[PDB]
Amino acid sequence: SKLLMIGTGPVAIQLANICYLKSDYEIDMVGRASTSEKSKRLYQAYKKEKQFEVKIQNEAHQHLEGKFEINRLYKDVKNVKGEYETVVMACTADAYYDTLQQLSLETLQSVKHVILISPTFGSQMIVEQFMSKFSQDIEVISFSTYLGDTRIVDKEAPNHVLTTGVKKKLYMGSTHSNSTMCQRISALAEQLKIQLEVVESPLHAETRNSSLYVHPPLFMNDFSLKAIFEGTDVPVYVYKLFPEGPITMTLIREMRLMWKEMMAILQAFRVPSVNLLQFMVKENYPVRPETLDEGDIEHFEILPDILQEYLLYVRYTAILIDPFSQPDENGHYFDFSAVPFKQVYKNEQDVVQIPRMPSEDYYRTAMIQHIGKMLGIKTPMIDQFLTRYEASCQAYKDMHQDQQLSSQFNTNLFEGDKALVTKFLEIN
């Protein structure tokens, strides 16, 4: 009956409301004031109101709203003490190791379940291997992705969040097939009316995330990298066609390639492959039936390389607008394409930060590169994504010697995580 929620962002608050209303756990949450003015605003705000709040936008999601109070908000990870049966990781996947290793020996020995909300590929292996020094039979659970979109509308009230969308389908894998925990999640899922698919293992669920395959080619190329680190003369956009954005036959080739390096790795683990196009079309944003042939979507994996690229290119062109939106009187639809790049930025202590795109993709990609080596698999497109990103960081360093920079710029991070995957893989 004790639960530790690592995160104080909108994901963590949404999940905390779910555990509050539909579980028997006493819930403690943990951010970082030792480290983050964002966490400190949240802590200060919760301290004042003594309540979090989830609101909703679409009323089909009633189950998820509610005002609530938790048992204990910890200010910083090191402050955590005592025993916790279940731990929920509602932070970024590149902090899972860093954050667990700060918990006490006493705390780590008590843990039976670690649930990973937004894992990358390989996150369960890292977390299973690290937890193995403390429990003997740790249960680790992976979702494909967070269940929807939650955000803070007002930065000044970060304890008040708004869930706007919910995903059509999530996946879920456990180190312990059909555990009590697994069945409790499933039951919970249908309370919330969220289609959930249970799959053989955590790895399997972690590969059912489109962003794995799409974010790296989209953000780790010279066009995107310039827009983020250097800036451009006129605004450019993530989803537009060159020169308005990065998308190009080249970019699409790099995506097919990285997709296949990935399906090589998953054949090794005997995990089914992903029909990337079907995923995209039947689970993210839909296109008109006239745009793509149902038989090409369905057989995507057996079709020729050039044809796969064609189909992908076409997918992106189809979503320049929202083809199901309400066109205005001139035949013009909503410019769904016009998503700006987030650029490098100085936090309130004047330190240069790299935004989540592509920071977190560096992490994801670095991990898949390291899995790759250990397994005897090639990854030249991955290697290329990383080279490009490492070069832009260095270039930023050379170009901005007078500015304070974050550890995100440094080489080569994730040693602990790499070691942990190394170790895990030796064993099986």
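Note that residue numbering begins at 1 and tracks the sequence as displayed.
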Of 329-337 and 310-318, the stretch whose C-alpha atoms average the higher B-factor in the entry: 329-337
Comparing 20-28 with 404-412, the one whose average Cα B-factor in the PDB entry is higher: 404-412
C-alpha B-factor winner, where the candidates are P202, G245, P119, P358: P202
Member of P158, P323, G295, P217 with the greatest C-alpha B factor (per the PDB record): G295
Relative C-alpha B-factor of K75, binned into the chain's lowest, middle or highest third: lowest
Cα B factor band for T250 (lowest, middle or highest third within the chain): lowest
CA B-factor ranking of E290, expressed as a third of its chain: middle
Chain-relative CA temperature factor third for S142: lowest
Ranked C-alpha temperature factor of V54 among modelled chain residues, by third: lowest
